[PDB]
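Next up: just one chain, as structure tokens, the form deposited without N-methyl-1H-indole-7-carboxamide.
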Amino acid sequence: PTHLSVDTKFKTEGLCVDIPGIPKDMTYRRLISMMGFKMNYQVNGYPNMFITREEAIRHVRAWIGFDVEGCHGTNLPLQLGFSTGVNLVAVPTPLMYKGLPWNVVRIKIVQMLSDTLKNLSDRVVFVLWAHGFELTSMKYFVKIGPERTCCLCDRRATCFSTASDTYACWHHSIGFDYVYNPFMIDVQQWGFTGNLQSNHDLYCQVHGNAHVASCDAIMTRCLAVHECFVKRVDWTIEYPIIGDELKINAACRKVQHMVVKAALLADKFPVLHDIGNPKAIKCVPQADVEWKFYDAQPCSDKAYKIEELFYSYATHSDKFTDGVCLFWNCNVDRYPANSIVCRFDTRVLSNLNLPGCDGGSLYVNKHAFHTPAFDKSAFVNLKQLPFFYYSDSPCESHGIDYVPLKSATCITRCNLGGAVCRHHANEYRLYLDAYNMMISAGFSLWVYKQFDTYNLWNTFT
């Protein structure tokens, strides 16, 4: 009970308009056979082209929605749509390409999947709302067999070349013509009523239906992300390191300590209200302040309503207007004016951040976090937090080659005295690096309007 048994039943009702007469009684084994593939009773790490929900959720970085529409089955041209927004027309002889034979279409499919996936995943998972033409199209661009390694590296093979008779991963596949050992999941097997559009549109207003294959491909993946990461949420599932996950997370800890430490020193709040992750620890353990925690899990669907977070259930309940509120990746509709905020910007392009449901994004860094669409109006009571580095640490090198640092934003005794010491120059440059990492990863920082770094210079005298 890890992989999907090929002897599992497959409901064929979705198939029966493209494939009239299809048996009601159907297994994956029989379906794979009718798709023109032979598994040869093979114990070589590829037991089934189709995978479980649980397996798909572990391989979310690999999801490519895929849809095929009859254009006029051997008779007629097929429109191939992918969640990348690409439409290819294959002839048997929003990006929309003219009709070409399979021998050239399959080359474009490998190039497209390789460019999309090489920095994301070791595989492809085709996310289907299966009606028949998508499954019958696979024999024309897919080959299967035993698990293999790349000819040029140690990564599992994802592509095959009929020219060279060799196997490549996504990194090494230029000129390859076949997708090799793809995986796939039919969303329609999950038990929905009515068509794709009617189910997608319950949850999402951002993906229209232009009645083209890529639109269905996008809607199919969106619906799948909704089901697996919005309505259902599993934070136990770990995901491999593929990028700067570790640097970004370190940077996040450093910036959070820096900004909160400086807010307490500058404005001397007697109480801090720490709203969000119930596992959260004091980010400034030495600070004078009354530190009060409020538990809120990461919201995957809609931003929290500040009315419901701060709702008073009895008298003598905490005054959130006293001191300052820390919302560190706690996404709310509208922050109060007395807030310090870190808010993930869902629009950011990275390998960590996958497109999500209804303008949200699926941010995958150790764990998967569906994040509600970034909204600028949430920040109306605040301003953007400007970059600064602050330290009360002694000017003292210890233990890196130097250009003397000149910066208005290096808030240290040494800079107060007109000359930045080597230690604080090294720390400044490391912190500016951490800060830039975190920003470019898509985090945005917001602060109460009265916040002024000028107030920090008098914390040394």
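Residues that one form lacks are left out of the comparison. The first residue of the shown sequence is 1; numbering continues from there. Under this definition, the rigid core comprises the largest set of C-alpha atoms superposing within 1.5 Å between the forms.
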Discussion item. Please determine whether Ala314 lacks coordinates in at least a third of the other PDB entries of this protein that model its flanking residues.
Written reply: yes
Worksheet item: Counting only residues of the deposited sequence, how many between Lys98 and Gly99 have no atoms in the entry (none, 1 to 3, 4 to 9, 10 or more)?
Response: none
Worksheet, complete the sentence: Of 267 to 275 vs 230 to 238, the stretch with the larger average CA B-factor in the entry is 230 to 238
Fill in: Mean temperature factor over C-alpha atoms, higher-scoring stretch between 318 to 326 and 181 to 189
318 to 326
Worksheet item: For the listed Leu128, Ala210, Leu120, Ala337, which has the peak Cα B-factor recorded in the PDB entry?
Response: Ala210
Worksheet entry | C-alpha B-factor winner, where the candidates are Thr412, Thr52, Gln42, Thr27 | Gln42
Practice prompt. Using the B-factors in the PDB entry, rank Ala425's C-alpha atom against the chain and give the third, lowest, middle or highest.
Written response: middle
Response to the item:
Sorting the chain's modelled residues by C-alpha B-factor and splitting them into thirds places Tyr454 in the lowest
Practice prompt. Just say lowest, middle or highest third for the CA B-factor of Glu147 relative to the other modelled residues in its chain.
Written response: highest
Response to the item:
Chain-relative C-alpha B factor for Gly65 (record values, thirds): the lowest
Worksheet item: In terms of the CA temperature factor given in the entry, to which third of its chain does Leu445 belong: lowest, middle or highest?
Response: lowest
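What comes next is about the form deposited with N-methyl-1H-indole-7-carboxamide bound, which does not appear here.
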Worksheet entry | Open or blocked: N-methyl-1H-indole-7-carboxamide superposed from its pose in the entry with it bound, cut-off 2.4 Å to backbone or C-beta | open
Worksheet item: Among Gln384, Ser377, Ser312, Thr193, which has any heavy atom within 4.5 Å of N-methyl-1H-indole-7-carboxamide in the entry with it bound?
Response: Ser312
Fill in: 4.5 angstroms heavy atom contact with N-methyl-1H-indole-7-carboxamide in the entry with it bound for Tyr294
yes
Worksheet item: Does N-methyl-1H-indole-7-carboxamide come within 4.5 Å of any heavy atom of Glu147 in the entry with it bound?
Response: no
Worksheet entry | Interface membership of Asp318, N-methyl-1H-indole-7-carboxamide in the entry with it bound, 4.5 Å heavy atom rule | yes
Discussion item. For the core superposition between this form and the one not shown, please identify the residue among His316, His211, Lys268, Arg347 whose CA shift reaches 2 Å or more.
Written reply: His316
Item to complete: Look at the CA atoms of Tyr304 and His316: state whether they lie closer or farther apart in the entry with it bound than in this form, given a difference of 3 Å or more.
Response: closer
Worksheet item: Superposing on the rigid core, where do three or more consecutive Cα atoms all move 2 Å or more between this form and the one not shown?
Response: 310 to 317
